[PDB]
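Number of protein chains: 2
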Amino acid sequence: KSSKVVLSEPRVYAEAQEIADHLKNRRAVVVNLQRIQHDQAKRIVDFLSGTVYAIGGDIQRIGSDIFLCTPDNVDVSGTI
Amino acid sequence: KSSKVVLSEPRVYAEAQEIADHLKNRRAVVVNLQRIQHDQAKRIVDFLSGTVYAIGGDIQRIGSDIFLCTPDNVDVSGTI
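Line by line, the protein sequences are chains A and B. The numbers in the deposited numbering rise by one with no breaks, and the one at position 62 of the first sequence is 62. The numbers in the deposited numbering rise by one with no breaks, and the one at position 27 of the second sequence is 27.
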């Protein structure tokens, strides 16, 4: 179905909101939280976690402090 | 088009080949090379780089020592 990926590196809540908007449009987003403050990373994940669930999607770890956010239109499998 | 993702963490050439086979089937794969030897990571990337190009796809960085490999059926955008 939806085969579009956004590669983003958010720092703040406002930028996390943009990711949510991308998710609302049923896109896949890669969320790199490696180069930001721990507190910032957590707040972003918690926010996005609510989003992906609201739209029937999910959020999974794909690397060290990196998460993948997709709708239910993406068959995400495997584990890291 | 193709909205299927494989989350894998290869260590050796043989496992990189599996990823290539997934790419041959026009799937998206996330390639985490964070917890392996530098030499191993390089060999995997070089191999997969050939694969993604052969099938008209691409390979891009999405995080520290993590690459995303997709066919041309996936509209990958952004940068990390």
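By construction, the Cβ of each residue, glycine as well, lies at the ideal position given by its N, Cα and C atoms.
Determine the DSSP secondary structure at residue i, reduced to helix, strand or coil.
i                    : result
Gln34 (chain B)      : coil
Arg61 (chain A)      : strand
residue 82 (chain A) : There is no way to answer for residue 82 (chain A), as the model of chain A reaches only from 1 to 80.
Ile44 (chain A)      : helix
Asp39 (chain B)      : helix
On the DSSP letters alone, give me the boundaries of the beta strand (DSSP E) that residue i sits inside.
i              : result
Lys4 (chain A) : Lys4 to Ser8
Give the residues of chain A in contact with residue i, contact being defined as C-beta atoms less than 9 Å apart.
i               : result
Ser49 (chain B) : What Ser49 (chain B) touches in chain A: nothing, since even the nearest Cβ is about 17 Å away.
Report the neighbours of residue i on chain A: residues whose CB is nearer than 7 Å to its CB, in chain order.
i              : result
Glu9 (chain B) : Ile80
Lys1 (chain B) : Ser3
I need the boundaries of the alpha helix (DSSP H) containing residue i, first residue and last residue.
i               : result
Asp21 (chain A) : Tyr13 to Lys24
Starting from residue i, find everything on chain A with Cβ-Cβ shorter than 8 Å and list it in chain order.
i               : result
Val12 (chain B) : Those do not exist, as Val12 (chain B) stays about 17 Å from chain A at its closest Cβ, beyond 8 Å.
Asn32 (chain B) : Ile62, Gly63 and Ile80
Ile19 (chain B) : Within chain A, no residue comes near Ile19 (chain B); the closest Cβ sits about 10 Å away, beyond 8 Å.
Please determine, among the options, the residue with the shortest C-alpha to C-alpha distance to residue i.
i               : options                               : result
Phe47 (chain B) : B:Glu15, B:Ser2, B:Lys4 and B:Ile80   : B:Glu15
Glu9 (chain A)  : A:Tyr53, A:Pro71, A:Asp72 and A:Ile66 : A:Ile66
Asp72 (chain A) : A:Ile55, A:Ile62, A:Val31 and A:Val29 : A:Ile55
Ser2 (chain B)  : B:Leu33, B:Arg27 and B:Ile62          : B:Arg27
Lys42 (chain B) : B:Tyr13, B:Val5 and B:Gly78           : B:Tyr13
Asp21 (chain B) : B:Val31, B:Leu7 and B:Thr51           : B:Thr51
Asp39 (chain B) : B:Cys69, B:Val5, B:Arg11 and B:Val76  : B:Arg11
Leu33 (chain A) : A:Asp58, A:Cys69, A:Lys24 and A:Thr79 : A:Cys69
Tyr53 (chain B) : B:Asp75, B:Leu23 and B:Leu7           : B:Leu23
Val29 (chain B) : B:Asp58, B:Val5, B:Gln60 and B:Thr79  : B:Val5
So residue i contacts chain B; which residues on that side make the cut at Cβ distance below 8 Å?
i              : result
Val6 (chain A) : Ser77 and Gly78
Which partner residues does residue i have in the DSSP bridge list?
i               : result
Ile66 (chain B) : B:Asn32 and B:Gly63
List, in order along the chain, the chain B residues whose C-beta lies closer than 7 Å to that of residue i?
i               : result
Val52 (chain A) : Simply none; closest approach about 14 Å.
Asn25 (chain A) : In chain order: nothing, as chain B lies at least about 12 Å away.
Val45 (chain A) : Chain B residues near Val45 (chain A): none, gap ~15 Å exceeds 7 Å.
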